[PDB]
Amino acid sequence: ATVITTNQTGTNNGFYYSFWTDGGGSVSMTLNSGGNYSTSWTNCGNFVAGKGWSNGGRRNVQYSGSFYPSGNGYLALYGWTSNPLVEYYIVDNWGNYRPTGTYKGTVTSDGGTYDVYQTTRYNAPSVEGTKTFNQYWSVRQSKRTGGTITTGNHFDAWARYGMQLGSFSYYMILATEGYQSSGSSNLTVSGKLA
Ligand SMILES: OC[C@@H]1O[C@@H](O[C@@H]2[C@@H](O)[C@H](O[C@@H]3CO[C@@H](O[C@@H]4CO[C@@H](O)[C@H](O)[C@H]4O)[C@H](O)[C@H]3O)OC[C@H]2O[C@@H]2OC[C@@H](O)[C@H](O)[C@H]2O)[C@H](O)[C@H]1O
Ligand SMILES: [Cl-]
Ligand SMILES: [Cl-]
Ligand SMILES: [Cl-]
Ligand SMILES: [Cl-]
Ligand SMILES: [Cl-]
Ligand SMILES: [Cl-]
Ligand SMILES: [Cl-]
Ligand SMILES: [Cl-]
Ligand SMILES: [Cl-]
Ligand SMILES: [Cl-]
Ligand SMILES: [Cl-]
Ligand SMILES: [Cl-]
Ligand SMILES: [Cl-]
Ligand SMILES: [Cl-]
Ligand SMILES: [Cl-]
Ligand SMILES: [Cl-]
Ligand SMILES: [Cl-]
Ligand SMILES: [Cl-]
Ligand code: NA
């Protein structure tokens, strides 16, 4: 295993990984065999970390494990596009704070119903540095840790609702995120191209 406490991307046991923190509190990620990783955080600022793929795409993502936020955290299939720059989230779990914004309708996927939202961040950290970009969200109506995420179901619903993705030129990870919170996660990802 490899313990990560510093911003970086790379490959571990056949999976891409990304770790980003604003540097608040205490945040680590442990990289284990295959698609396994855990995180531990105490009074974080903001972080996003997980395993997945160097480029996004239509993928039947399978994951399992545990996600235990004390306060604000997200469990999401997470990544980015270029042209346009979009930060996208398919959220299966959260803590005290449910992501919201401009409501666009619902999509049904992997045994659940998801609420679709768009938000915008101005001059914020991104995979292209300080940038303005839209965020696309699918938020499950009931919390869970584990199952299939059919990314194609979400991408197609976003497209019907006028939320067009750019090119899958950046990573797509099964992410743990925290905001001014504590917690842990212990997750395994895999998944094949649909
Ligand atoms: O990973 C090693 C580092 O890469 C270089 O710096 C930049 C990375 O920090 C950046 O990472 C992004 C930053 O944004 C994160 O998304 C945040 C997370 O919270 C969300 O809720 C919020 O909306 C959002 O703002 C995202 O998770 C991270 O993946 O990736 C880009 C990188 O900068 C680029 O480096 C290459 C260069 O060609 C570009 O000009 C430059 O912008 C550092 O070198 C190193 O620390
Ligand atoms: Cl490190
Ligand atoms: Cl590496
Ligand atoms: Cl390795
Ligand atoms: Cl590897
Ligand atoms: Cl990959
Ligand atoms: Cl859990
Ligand atoms: Cl709304
Ligand atoms: Cl809108
Ligand atoms: Cl609807
Ligand atoms: Cl549901
Ligand atoms: Cl907004
Ligand atoms: Cl944000
Ligand atoms: Cl827009
Ligand atoms: Cl629930
Ligand atoms: Cl759970
Ligand atoms: Cl499922
Ligand atoms: Cl593409
Ligand atoms: Cl990337
Ligand atoms: Na749009």
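Here the authors' numbering is used: position 165 in the sequence shown is 165, and no number is missing along the way. Just so you know, even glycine gets a beta-carbon here, dropped at the ideal spot from N, CA and C.
Give me the Cβ distance between residue i and residue j, rounded to the nearest whole Å; I'm assuming they're in contact under 8 Å.
{"i": "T145", "j": "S33", "result": "Rounded, the Cβ-Cβ distance is 19 Å, inconsistent with contact."}
{"i": "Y78", "j": "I173", "result": "6 Å"}
{"i": "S169", "j": "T81", "result": "7 Å"}
{"i": "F133", "j": "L165", "result": "Rounded, the Cβ-Cβ distance is 12 Å, inconsistent with contact."}
{"i": "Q141", "j": "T176", "result": "Not a contact, Cβ separation roughly 21 Å."}
{"i": "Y171", "j": "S40", "result": "With 8 Å as the limit, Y171 and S40 do not qualify as a contact, their Cβ atoms being about 22 Å apart."}
{"i": "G162", "j": "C44", "result": "Incorrect: roughly 34 Å between the Cβ atoms, too far for contact."}
Measuring CB to CB, does residue i end up less than 8 Å from residue j?
{"i": "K51", "j": "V189", "result": "yes"}
{"i": "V107", "j": "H154", "result": "yes"}
{"i": "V61", "j": "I149", "result": "yes"}
{"i": "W137", "j": "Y117", "result": "yes"}
{"i": "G152", "j": "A194", "result": "yes"}
{"i": "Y17", "j": "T9", "result": "yes"}
{"i": "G35", "j": "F19", "result": "no"}
{"i": "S38", "j": "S185", "result": "yes"}
{"i": "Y68", "j": "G183", "result": "yes"}
{"i": "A1", "j": "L31", "result": "yes"}
{"i": "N46", "j": "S167", "result": "no"}
{"i": "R98", "j": "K192", "result": "no"}
Pull the bridge partners of residue i from the DSSP assignment, please.
{"i": "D115", "result": "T106 and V139"}
{"i": "residue 207", "result": "In this structure the chain extends from 1 to 194, so residue 207 is not present and cannot be described."}
{"i": "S167", "result": "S82"}
{"i": "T9", "result": "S18"}
{"i": "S190", "result": "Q62"}
{"i": "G147", "result": "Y63"}
{"i": "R121", "result": "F133"}
Touching or not, the stretch 67-74 and the stretch 116-128, by the rule of three or more beta carbon pairs under 8 Å?
-> no
Segments assigned beta strand (DSSP E), at least 3 residues, entirely inside the stretch 37-93 = 46-53, 59-70 and 73-81
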